[PDB]
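One chain is shown next in structure tokens, namely the form deposited in one PDB entry.
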């Protein structure tokens, strides 16, 4: 079922910031809009505008991006580093700046725990907001907390977005890397279809993903098993679930822990409730049964037909 996974990949992959003129524009369209919006806010105050360094983030930066489904949204992720001290301003306050700036932008802007989200026709931009490392003691620090949140969970947390993008790019090379990237995209479309924060699956793959190839010693021509590579990876993930008592709920929930391989090394999955976590393992187990099925049991049509319960109506199914 490889040539089907390769077709699937071609259908779902979305060109990274570097190879995607039209995504740089919708990113630029929002940065240009911030600076302009920052004049309309930091003039009222009496003080001068804060200046920021933007940079690319997330899957569009790491070449692991997929095209949204219909009635889904492109997820454009930029960081912005403002020249301020982390020990002077308040994380949400600083995010408040960004929202009001983009108020008159698109369908408006919401403050999230780890970014300001802003909306538009058929996409959104998440803007992670950092304190200057120079004014802040040498550590890059992301603004954590929502308008509705306490002060315990108002933080300036040590971050390494470029470090993380780096681990993903560095994991393997050539066609072993290319297999790794195809498998992240497959599971993202699965996420998009049947909901496992894409970072979650990306961190998971960094740790657990193993290449599935057969190398012809005589012909020195290698052949990739994308199907088997996913079954092995998904099994490893399921395997790594541990039953986890919730005393509030007086019930056990299964739970997968995946530490970021860069600072702060948090469990990326830590903000999924034990409820969220069990229906994540339910779907993962459903996905894995389909992947086993496709290796032989069923013939190409019913094989592919199974996968499409998991991967969606863009998974190619041959007619029977």
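The term rigid core refers to the most C-alpha atoms you can superpose between the two forms while keeping them within 1.5 Å. Numbering follows the first chain given and starts at 1. Only residues modelled in both forms are compared.
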query: Chain break class at residue 245/residue 246 - deposited residues not modelled; finding: none
query: Segment of higher mean CA temperature factor, 165-173 or 144-152; finding: 144-152
query: Higher-B stretch (mean Cα B-factor, as the entry records it), 130-138 or 156-164; finding: 130-138
query: Out of 234, 222, 204, 76, residue topping the C-alpha B-factor column of the entry; finding: 222
query: Highest-ranked of 194, 188, 227, 99 once sorted by CA temperature factor in the record; finding: 99
query: Chain-relative CA temperature factor third for residue 301; finding: middle
query: Record-listed C-alpha B factor of residue 179: chain third; finding: lowest
query: CA B-factor ranking of residue 280, expressed as a third of its chain; finding: middle
query: Chain-relative CA temperature factor third for residue 198; finding: middle
query: Third assignment of residue 60 from its chain's C-alpha B-factors; finding: lowest
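Keep in mind the form deposited in another entry is missing from the figure; the text below concerns it.
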| item | value |
| --- | --- |
| Displaced residue check between the shown form and the other one: residue 295, CA, 2 Å or over, core reference | no |
| Threshold 2 Å Cα movement between the shown form and the other one for residue 35, core superposed | no |
| Shared-residue segments moving between the shown form and the other one, Cα shift 2 Å or more over 3+ consecutive positions, core-fitted | 44-48, 248-251, 297-299 |
